[PDB]
Structure formats: C-alpha cells, structure tokens
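Q: I have a structure I would like to understand better, so I am pasting it below and will then ask my questions one at a time.
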Amino acid sequence: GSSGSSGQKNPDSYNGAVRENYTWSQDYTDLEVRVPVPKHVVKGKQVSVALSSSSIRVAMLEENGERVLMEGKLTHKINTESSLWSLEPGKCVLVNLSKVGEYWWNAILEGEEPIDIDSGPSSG
C-alpha cells in the first residue's frame with residue numbers, strides 16, 4: 001500500500017553511483033565511500049587502507065591471502081590529515097576524503113565513469 005514518497009530517488013546511496021565493488025558519493029566539500037566487508041572481517045588489520053593524496057587502497061584478508069576491494073589513483077589530491085577511515089566489523093569500511101579546496105570530483109579514481117550530477121558553466 002503506497003503511502004508517502006514513492007518512486008525511485010535512489011537505491012541506497014543518497015544520489016550517486018552504485019557498483020559491485022565500492023560505493024561512493026559526491027557532496028559539497030567531501031566524499032564518502034563505503035566498502036562492503038565479509039562477516040569474517042572485524043579487525044582493521046584484516047583490511048589495508050593506504051592514504052597519500054591522489055591514491056587510495058582498500059583490501060581485505062580472506063584466509064590464505066587477501067583481495068583488493070577498491071583501489072586506484074584518485075582523481076585529485078586530498079588532505080589525508082583531515083581525511084579518515086573507520087573499519088566496521090561485519091558491516092563495511094568507511095573512508096572520509098577531505099577535499100583540498102573547491103574541486104568537482106566527477107569520480108573517485110582516475111578511470112571511473114563520470115557521475116551524472118553536473119552544473120552549468122565551469123571551464124570558463
């Protein structure tokens with residue numbers, strides 16, 4: 001019984017892109033990427049998080065090895081200092097990216113489809 005806001009505004013991520021690897025979204029001045037983890041990942045030592053500026057790394061320990069959930073050179077630089085990352089047991093990984101100014105992050109890595117959201121004139 002339809003009651004209230006109905007339709008299709010978003011699956012889960014409040015406006016953004018979705019894929020089978022790692023979700024992310026673009027906001028005013030900050031990005032939020034959530035990576036799904038198994039029910040065997042609780043410790044942060046089971047996952048690898050490399051923060052530099054224009055690069056990110058997201059891996060998780062399986063059993064006899066590990067797997068790179070999300071990784072690749074970022075589109076631009078960030079403020080690792082201001083940036084953070086929190087691991088959740090039997091949930092997902094949280095990574096906060098702090099923009100180093102007013103930039104339009106059309107993507108996370110330098111090789112990811114450009115988000116839909118767009119603005120008027122920018123180049124000029």
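Residue numbering restarts at 1 for every chain of the structure tokens, chains are lettered A, B, ... in their displayed order, and ligands are numbered from 1 as they appear.
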If you count only C-alpha atoms, which residues fall within 10 Å of residue 84 in chain A, apart from same-chain ones fewer than 2 positions away, as a ChimeraX atom specification?

A: /A:49,51,79-82,86,94-98

Q: For the selection just defined, write its residues with N, CA, C and O atoms to a file, as a PDB file, in the first residue's frame.

A:
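Output saved as again03.pdb:
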```pdb
ATOM      1  N   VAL A  49      44.404   0.029   4.274  1.00  0.00           N
ATOM      2  CA  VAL A  49      43.957   1.349   3.861  1.00  0.00           C
ATOM      3  C   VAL A  49      45.171   2.266   3.695  1.00  0.00           C
ATOM      4  O   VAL A  49      45.781   2.678   4.680  1.00  0.00           O
ATOM      5  N   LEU A  51      46.579   5.811   2.425  1.00  0.00           N
ATOM      6  CA  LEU A  51      46.179   7.178   2.141  1.00  0.00           C
ATOM      7  C   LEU A  51      47.424   8.023   1.867  1.00  0.00           C
ATOM      8  O   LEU A  51      48.344   8.062   2.683  1.00  0.00           O
ATOM      9  N   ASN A  79      43.358  15.738   1.587  1.00  0.00           N
ATOM     10  CA  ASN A  79      44.037  16.075   2.827  1.00  0.00           C
ATOM     11  C   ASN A  79      44.018  14.863   3.760  1.00  0.00           C
ATOM     12  O   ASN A  79      43.249  14.826   4.719  1.00  0.00           O
ATOM     13  N   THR A  80      44.874  13.901   3.446  1.00  0.00           N
ATOM     14  CA  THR A  80      44.963  12.690   4.245  1.00  0.00           C
ATOM     15  C   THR A  80      44.823  13.020   5.732  1.00  0.00           C
ATOM     16  O   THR A  80      44.165  12.293   6.475  1.00  0.00           O
ATOM     17  N   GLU A  81      45.453  14.119   6.124  1.00  0.00           N
ATOM     18  CA  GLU A  81      45.407  14.554   7.509  1.00  0.00           C
ATOM     19  C   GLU A  81      43.956  14.718   7.966  1.00  0.00           C
ATOM     20  O   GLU A  81      43.550  14.140   8.973  1.00  0.00           O
ATOM     21  N   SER A  82      43.215  15.509   7.204  1.00  0.00           N
ATOM     22  CA  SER A  82      41.817  15.755   7.518  1.00  0.00           C
ATOM     23  C   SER A  82      40.985  14.507   7.216  1.00  0.00           C
ATOM     24  O   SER A  82      39.948  14.284   7.837  1.00  0.00           O
ATOM     25  N   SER A  86      37.315   4.437   8.953  1.00  0.00           N
ATOM     26  CA  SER A  86      36.915   3.589  10.062  1.00  0.00           C
ATOM     27  C   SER A  86      36.427   2.237   9.538  1.00  0.00           C
ATOM     28  O   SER A  86      35.652   2.180   8.584  1.00  0.00           O
ATOM     29  N   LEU A  94      34.518   2.502   6.107  1.00  0.00           N
ATOM     30  CA  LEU A  94      34.181   3.903   5.919  1.00  0.00           C
ATOM     31  C   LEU A  94      35.464   4.705   5.686  1.00  0.00           C
ATOM     32  O   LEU A  94      36.422   4.582   6.447  1.00  0.00           O
ATOM     33  N   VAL A  95      35.439   5.507   4.632  1.00  0.00           N
ATOM     34  CA  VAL A  95      36.588   6.329   4.290  1.00  0.00           C
ATOM     35  C   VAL A  95      36.116   7.745   3.960  1.00  0.00           C
ATOM     36  O   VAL A  95      35.317   7.940   3.045  1.00  0.00           O
ATOM     37  N   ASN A  96      36.628   8.699   4.723  1.00  0.00           N
ATOM     38  CA  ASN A  96      36.269  10.092   4.523  1.00  0.00           C
ATOM     39  C   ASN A  96      37.420  10.815   3.821  1.00  0.00           C
ATOM     40  O   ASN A  96      38.555  10.792   4.296  1.00  0.00           O
ATOM     41  N   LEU A  97      37.088  11.440   2.701  1.00  0.00           N
ATOM     42  CA  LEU A  97      38.079  12.169   1.928  1.00  0.00           C
ATOM     43  C   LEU A  97      37.832  13.671   2.075  1.00  0.00           C
ATOM     44  O   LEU A  97      36.719  14.146   1.850  1.00  0.00           O
ATOM     45  N   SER A  98      38.886  14.378   2.453  1.00  0.00           N
ATOM     46  CA  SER A  98      38.797  15.817   2.633  1.00  0.00           C
ATOM     47  C   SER A  98      39.407  16.534   1.427  1.00  0.00           C
ATOM     48  O   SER A  98      40.611  16.445   1.191  1.00  0.00           O
TER      49      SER A  98
END
```

Q: Within 7 Å of residue 92 in chain A, counting only C-alpha atoms, which residues qualify if same-chain residues fewer than 6 places away don't, as a list in words?

A: residues 34, 35, 36 and 37 of chain A

Q: Using only C-alpha atoms, which protein or nucleic acid residues come within 12 Å of residue 115 in chain A? Drop anything in the same chain fewer than 2 positions from it, and give the result as a PyMOL selection string.

A: chain A and resi 15-18+24-27+104-109+111-113+117-119

Q: Kindly give the distance, in Å, that separates CA of residue 1 in chain A and CA of residue 13 in chain A, rounded to a single decimal.

A: 24.0 Å
